[PDB]
Each structure stands twice: as structure tokens, then as C-alpha cells.
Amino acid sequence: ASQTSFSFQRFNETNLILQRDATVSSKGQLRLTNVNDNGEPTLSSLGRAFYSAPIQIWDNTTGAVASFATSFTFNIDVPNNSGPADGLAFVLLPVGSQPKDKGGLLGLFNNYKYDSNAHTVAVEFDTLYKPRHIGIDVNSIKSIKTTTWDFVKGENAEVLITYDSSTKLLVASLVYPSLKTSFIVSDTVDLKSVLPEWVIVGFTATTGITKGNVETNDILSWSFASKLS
């Protein structure tokens, strides 16, 4: 009864809600976090980017809950002498949601505990070394579930995140095409009890806070779909 779908290989401001350092470069890359004119990634960067149309995630009258999927290509690069930090995340957030905290909290949470009012589901790619990991975030930066991630700088990473409303299972996977490595994490998420009926979808990324802990957080392409019975 409701469907939404979009796909961009080249980003443009016009149908995005850009928050903070998120820009679309002249080459149409969604640079979530800031890169200076020298071409260097800057510390303490936070960017979020959302599709301009909200998505219905469930309907209280029917009790129906949406399924959804998103894929994107990201490039996280780290200059020599630096380590990576902090990562990026794909997020579903309430309509009108504004960025939260930088660094390890990814513009998503304001603390390291459970927060039922966060109404946040996220899959984060945590470049901060608990080893580097992909985490499923349900109302918490403390992933209810993680998997080790062998992060490699400068290599495009392709992500797929799916949520099945019937099983309630959220699945996130990352692949490095050029390195042919891959990582996956899955856990159940009751969206109905976590998210509002309508959400915005997109990204959030942060760079490290301390020198030598920095990265680019570029989304090179993005696709999203959701279906609500």
C-alpha cells in the first residue's frame, strides 16, 4: 500500500537533505565528512545526508511494519601517518531528525547506553580500534551485535543493509571489491517498538577527534527501497 525507491550513482543537493559537513562534490560524490582544498580529511567532522522524502516505516491502525533495503558505496580513506576514525552509518531516523554527537557517537546518539526515545536504527562501520567492526545499533551506539571488520583505507566499500519486517531481522554486510573481503552482521530489531511510523533514511559519518585518527567518509552511490503493507 506504500512503496518508495530511489537510486543515485551521482549525488545532487536537490533531492538530498544535507546536514552538517555533508556535501556533494563537483564529481557528485556525497562527502559525508569534510575534506579541505589540500585534499585532506579533517578531524571532528560530522555529516549526515538524507533523502528529501520521508518513508513510512509502519502503520499503527493496521500494525503493519515496513521492510526496507539500502545499498551504497563508500570510500573511507586515511592519510599516511594517520589511523582511521570513526566511521559512518546508514540510519533510519524520525522525520526532522537532527544530528547528534561527533566522534564515536556518529551523529546518532548522545550516549553509550540504551535510549528508547532515540527511535534510531543504524548500521555503523566503526573504523575505531574491540576490533574494527560493523555494528547493528538499536537505540544505542553499543551495538546489540557486531562483527569484526578488516578495514582497509582508500578502498571502496559496498554495503547492503536489509530489514525484513516479518522476521524482524536486520542484516548489514560490507564488501571491498578490490580486496575481495567481506563482513556481515545480523540481529532482530522490533522497528514498531523502536521507530516512529515515518522516518528519513540516509547516512551519518564522523572523523576522529584526535590527530592521526581521521578518514574521508564518501558515499559514491546510494539506493534505497521500502515497502509498507
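Residue indices: 1-based, along the sequence shown.
According to the entry, the deposited sequence runs straight from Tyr112 to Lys113 with no unmodelled residues in between.
Mean CA B-factor, 49-57 versus 188-196: the higher value falls on 188-196. Look at the C-alpha B-factors of 210-218 and of 14-22. On average they run higher in 210-218.
Between the residues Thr148, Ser97, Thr73, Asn81, it is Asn81 that shows the highest Cα B-factor in the PDB record.
The residue among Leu174, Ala64, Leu32, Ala69 whose C-alpha atom has the highest B-factor in the PDB entry is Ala64. Ranked within its chain, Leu169 lands in the middle third, by CA B factor from the PDB record. For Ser7, the recorded CA temperature factor ranks within the middle third of the chain's modelled residues.
Ranked against the other modelled residues of its chain, the C-alpha B-factor of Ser226 as given in the entry falls in the middle third.
When the modelled residues of the chain are ordered by C-alpha B-factor, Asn36 sits in the highest third. Per the PDB record, residue ranking by Cα B-factor puts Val91 in the lowest third of the chain.
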